[PDB]
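What the coordinates show
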Amino acid sequence: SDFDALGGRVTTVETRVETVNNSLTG
Amino acid sequence: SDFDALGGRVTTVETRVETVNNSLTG
Amino acid sequence: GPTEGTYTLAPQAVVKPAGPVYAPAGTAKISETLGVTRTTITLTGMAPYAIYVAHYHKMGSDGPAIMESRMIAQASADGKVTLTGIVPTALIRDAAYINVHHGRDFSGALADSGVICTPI
Amino acid sequence: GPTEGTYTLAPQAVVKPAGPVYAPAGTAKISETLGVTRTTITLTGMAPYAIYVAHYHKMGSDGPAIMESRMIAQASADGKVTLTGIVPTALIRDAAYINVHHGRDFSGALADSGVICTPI
Amino acid sequence: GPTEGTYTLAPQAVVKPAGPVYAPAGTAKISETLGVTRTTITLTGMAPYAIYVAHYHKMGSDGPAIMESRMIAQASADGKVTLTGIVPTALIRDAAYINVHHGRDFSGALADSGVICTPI
């Protein structure tokens with residue numbers, strides 16, 4: 001249905017968590 | 001439908017955020 | 001002859017992690033002697049670098065915690081915490097479950113409310 | 001000692017985070033004296049130890065920050081940050097809103113584009 | 001005395017992220033001379049302050065890594081990581097793709113398994 005946007009948001013969160021972790025670890 | 005895998009991914013990200021937060025806080 | 005090749009790199013698609021898998025697991029060894037209790041909770045598969053406050057929660061689950069039993073420690077680079085604590089037996093009388101939590105500070109604090117718990 | 005004990009761990013069913021709750025609230029208070037303006041804004045329920053850069057954005061909601069009105073501070077440990085500042089009332093003559101943002105560093109750029117805003 | 005003011009604040013709905021943007025891009029430089037190989041992988045749009053360990057993974061396409069080409073350096077402040085390193089051509093033989101990973105520290109280590117990569 002319309003949860004394609006929800007999947008995109010989930011992917012964005014998946015990438016954002018890694019980005020935050022990597023920046024803070026650096 | 002097929003968004004069960006989406007729920008699994010959401011759970012994995014939910015745990016990953018906490019893991020990152022705890023490791024960086026430590 | 002400086003053989004030089006210039007290649008643009010592709011942004012990839014498979015970025016699965018590489019390191020400790022957060023899979024909480026462990027054991028407890030509560031040992032009574034002459035009115036004192038020594039508790040050793042060796043945990044593995046935990047967060048790689050995290051403070052892990054553990055205390056004795058009384059029955060009531062919610063319940064209060066006899067905070068005169070807070071065992072604090074941090075994990076290594078694979079996720080191995082070794083909690084150790086000395087508590088009078090009369091204090092830990094009427095305790096129900098040793099609840100391990102996450103520590104916001106080395107002074108204690110319950111970031112998480114029970115990542116792992118054992119019935120005592 | 002005379003009594004032992006060995007218990008394997010069980011990771012509960014659900015673990016719940018504790019400490020502060022991210023509920024942004026605020027209390028702006030301007031006091032424009034002779035060609036000068038003091039602004040003491042008290043934000044409670046914010047992010048435990050975060051930076052909170054605050055400016056007066058002009059109309060054009062959307063629009064340009066009067067950068068000469070920046071106020072920066074940290075939110076303690078429960079999410080309580082207090083922003084104070086002093087700016088001539090001539091520069092902020094076209095301010096339409098006081099936008100509070102998060103900060104990347106001490107005296108620096110924004111990490112957000114407005115968390116809480118009050119209309120003036 | 002001076003005109004006062006005391007507006008209550010209001011949370012904004014679309015608190016969009018700001019600051020730089022995560023889009024792994026890059027251009028490699030496999031300059032080769034007499035018998036050593038200097039390689040300048042310049043990457044951009046990466047993670048603000050992260051470590052970027054990059055080496056040469058042999059044909060295997062997860063395969064083994066000639067670790068003797070590790071280049072570790074940090075990613076500036078807008079994701080401008082610039083990796084460099086010398087390696088005898090003899091060791092390089094059978095390498096098929098230069099994989100760039102994230103790091104856990106400046107002492108090598110592997111966090112992400114392939115953020116950007118190119119053949120040769």
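- As recorded in the entry header, the structure was determined using cryo-EM to a resolution of 2.54 Å.

So, the overall build of chain C
- When helices and strands are counted, chain C shows zero helices and eight strands.
- Mapped from its N terminus to its C terminus, chain C presents α and β elements in the order β-β-β-β-β-β-β-β.
- Rg of the C-alpha trace for chain C: 21 Å, well past the compact-globule value of 14 Å for 120 residues, more than 25% over.
- Along the three orthogonal principal directions, the C-alpha set of chain C runs to about 80 × 30 × 25 Å.
- Taken across its 120 residues, chain C has 42% of its residues classed as buried.
- Put simply, chain C shows about 6000 Å² of open surface, and 60% of that area lies on carbon and sulfur atoms.

Topic: the relation of the copies chain A and chain B
- Of the two same-sequence chains, chain A is brought onto chain B (RMSD 0.1 Å, axial shift 0.0 Å) by a rotation of 120 degrees. Here the symmetry operator amounts to a three-fold rotation axis. Closest approach to the rotation axis within chain A is made by the C-alpha atom of A:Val17, at a distance of 3.7 Å.

Thoughts on the nonpolar core
- Counting residues in each nonpolar core, the largest one holds 24 residues, and the members touching the most others are D:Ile41, D:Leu43, D:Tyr52 and D:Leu83.
- Mapped onto this core, the elements with two or more residues apiece are strand 4 (41–43), strand 5 (54–58), strand 6 (65–71), strand 7 (81–83) and strand 9 (95–100) of chain D.
- With three residues, the single largest contributor to this core is strand 9 of chain D.
- The next biggest cluster of nonpolar side chains, apart from the first, holds 23 residues, and it includes C:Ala28, C:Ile41, C:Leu43 and C:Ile98.

Considerations on the arrangement of the chains
- You won't find any contact between chain B and chain D; their C-alpha atoms come no closer than 9 Å.
- These two, chain B and chain E, are apart from each other, with no contact and a minimum C-alpha gap of 11 Å.

Examining the interface of chain A and chain B
- Contacts between the two partners involve twelve residues from chain A, matched on the other side by ten residues from chain B.
- Where chain A abuts chain B, roughly 890 Å² becomes buried across the two surfaces, and 70% of that area is made up of carbon and sulfur atoms.
- Looking at the side of chain A facing chain B, the largest losses of area belong to A:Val10, A:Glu14 and A:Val17, adding up to 44% of the total buried there.
- Of the charged contacts, one joins B:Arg16 and A:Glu18 as a salt bridge, the two residues approaching to 2.8 Å between their closest N and O atoms.
- When its residues are assigned to classes, the side of chain A that touches chain B shows six nonpolar, four polar and two charged.

Quick word on the sheet that holds strand 5 of chain D
- Pairing within the open sheet is antiparallel, and its five strands lie in the order 6(D)-5(D)-9(D)-10(D)-1(E). The two strands at the open ends of the sheet, each matched to only one other strand, are strand 6 of chain D together with strand 1 (10–11) of chain E.
- As paired strands, strand 5 of chain D and strand 9 of chain D are joined by five bridges and run antiparallel to one another. When the sheet's bridge partners are listed, D:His57 is paired in strand 9 of chain D with D:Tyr97.

A look at the side chain of C:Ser31
- The topology assignment puts C:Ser31 in strand 2 (residues 25–32).
- Apart from residues lying up to four places away in sequence, C:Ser31 is in contact with C:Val36, C:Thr37, C:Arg38, D:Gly1, D:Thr3 and D:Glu4.

Let's talk about the UniProt feature "binding site: Cu(2+)" (unreviewed entry) in chain C
All names here are of chain C.
- In this structure's numbering, the residues bearing the UniProt feature "binding site: Cu(2+)" (unreviewed entry) are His55, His57 and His101.
- Here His57 is to be found in strand 4 (residues 54–58).
- Discounting residues that sit within four places of it in the chain, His57 has contacts with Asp62, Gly63, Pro64, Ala65, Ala95, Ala96, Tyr97, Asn99 and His101.
- Here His101 shows up in the loop between strand 7 (95–100) and strand 8 (116–119).
- Ignoring sequence-local partners within four residues, the contact set of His101 consists of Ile51, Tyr52, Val53, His55, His57, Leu110, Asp112, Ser113, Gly114 and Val115.

A word on the interface of chain E and chain D
- Listed as interface residues are 20 residues of chain E and, on the opposing side, 25 residues of chain D.
- Its largest share of buried area at the contact with chain D, chain E owes to E:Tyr7, E:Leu9 and E:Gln12, together 38% of the area lost on that side.
- Counting the contacts that link chain E with chain D gives one salt bridge.
- Measuring nitrogen to oxygen at the nearest pair gives 2.6 Å for the salt bridge that ties E:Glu4 to D:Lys29.
- Connecting chain E to chain D are ten residue pairs in polar contact.
- Residues belonging to the side of chain E that touches chain D are distributed by class as follows: twelve nonpolar, six polar and two charged.
- Note: strand 10 (residues 116–119) of chain D against strand 1 of chain E, two bridges, orientation antiparallel. When the bridges of strand 1 of chain E are listed, D:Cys117 appears paired with E:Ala10.

Conventions used here
Residues numbered from 1 in each chain as written, not as in the entry; some residues may be left out. Chains lettered and ligands numbered in written order. Part of a larger assembly, values for the part shown. Heavy atoms only, no water. Helix = DSSP H or I, 4+ residues; strand = E, 2+ residues; numbered from the N terminus. Rg over C-alpha atoms; globule rule 2.2 N^0.38 Å. Buried < 20%, exposed > 50% of the residue type's maximum accessible area, 1.4 Å probe, protein only. Areas by Shrake-Rupley, 256 points an atom, 1.4 Å probe, with all protein chains shown as cover. Least-squares fit on C-alpha atoms. Core = buried A, V, L, I, M, F, W, Y, C linked by side-chain atoms within 4.5 Å. Contact = heavy atoms within 4.5 Å. Buried area = accessible area lost by both parts, 1.4 Å probe. Salt bridge = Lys/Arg side-chain N within 4 Å of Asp/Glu carboxyl O. Nonpolar A, V, L, I, M, F, W, Y, C, P; charged D, E, K, R; others polar. Pairing = 2+ DSSP bridges. UniProt positions renumbered as here; feature names shortened; annotations may be inferred. Polar contact = N/O pair within 3.5 Å; in protein donor to acceptor, adjacent residues only side chain to side chain.

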